[PDB]
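*Asks:* no sequence on this one, just coordinates:
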Ligand SMILES: [Zn+2]
Ligand SMILES: [Zn+2]
C-alpha cells in the first residue's frame, strides 16, 4: 500500500490524495475535478 | 492510424513547450475566439463544399463529437501542469460555462497533434481512422491559413 512519493500524473512533489486500490497519488490540482480542499 | 502532417509552422508547439516550462510564463484562459467559435467556422468553411449526404452526415458527426471530445479531455490530459493551478483559478470564475468555450484554438491543436497516438489505443477500423485523421489535418491546414486572429501573440508572465 506504499504510495510512491512523486506525483502520479506529472511527477512533482507535495501532498496528494492517497488511493488504496492502487498506489496512485495524483496532485490535488492534477485530477479532473480541478479542486482545492473544497470537495 | 500512425501519421499526420503537421505543417512546418506549428515551430509554435515546441515554443509553447518552452515558455510554460522553462522561460516560465502562462496563458490566462478567458479567451476570445474560443474553440467552439472556430470549429463552427471551419465547418461553415468546408460544409458548403460537400456534395452527397454521406459526406455531410459524417462531417457533422465528427464535429459534434469533437466539441464534446475536447470538452471531456481538456481537463485531465491536455495541460502542461503549469497551467494547472491557473486552471483551478479559472474554474472558480466561470462555473456555468463548458470548457469548449473558454480556450482559443491553441489547446485544440495540441489535441490535433496528439490524436494518432490515441487512436493507437482503440480498435477502430481503417475507414474510421482514415477519415478522422484526414479531417483533423485539414483543420490544421485551415488554421495555419488564418493564424492572425486565432493564436495568441504574447505570454502572461504570472505569479504561481
Ligand atoms: Zn490507481
Ligand atoms: Zn500532479
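*Replies:* Arrived safely, thanks for sending. Numbers count the residues shown, from 1 in each chain, chains lettered A, B, ... in the order given. Ligands and ions are numbered 1, 2, ... in the order given.
*Asks:* ok, the closest residue to residue B:155 other than its chain neighbours - contacts?
*Replies:* Leaving aside its sequence neighbours, residue B:155 sits nearest to residue B:25 (C-beta to C-beta, 6 or more residues apart in numbering or on different chains; 3.8 Å). No exception for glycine: its C-beta is placed from N, CA and C like everyone else's. Shown in contact with residue B:25 (C-beta atoms under 8 Å, 6 or more residues apart in numbering or on different chains): B:19, B:155, B:156, B:157, B:158.
*Asks:* skipping adjacent residues, who's closest to the most centrally placed residue in chain B in space?
*Replies:* For chain B, the residue sitting closest to the mean C-alpha position, by C-alpha atoms, centre = their mean, is residue B:108 at 0.8 Å. Counting by C-beta to C-beta, 6+ apart, the nearest residue to residue B:108 once its immediate chain neighbours are dropped is residue B:35, at 5.0 Å.
*Asks:* distance check, the closest residue to ligand 2 within chain B against residue B:123.
*Replies:* For chain B and ligand 2, the shortest gap (C-beta to the ion) falls at residue B:81, measuring 6.5 Å. Distance check for residue B:81 against residue B:123: by C-beta to C-beta, to the nearest Å, it reads 30 Å.
*Asks:* more neighbours, those two?
*Replies:* More crowded of residue B:81 and residue B:123, by other C-beta atoms under 10 Å in any protein chain shown: residue B:81, with 17 against 6.
*Asks:* chain center to stretch B:72-82, what's the gap?
*Replies:* When distances are taken as C-alpha atoms, centre = their mean, to the nearest Å, stretch B:72-82 is centred 12 Å away from the chain's centroid.
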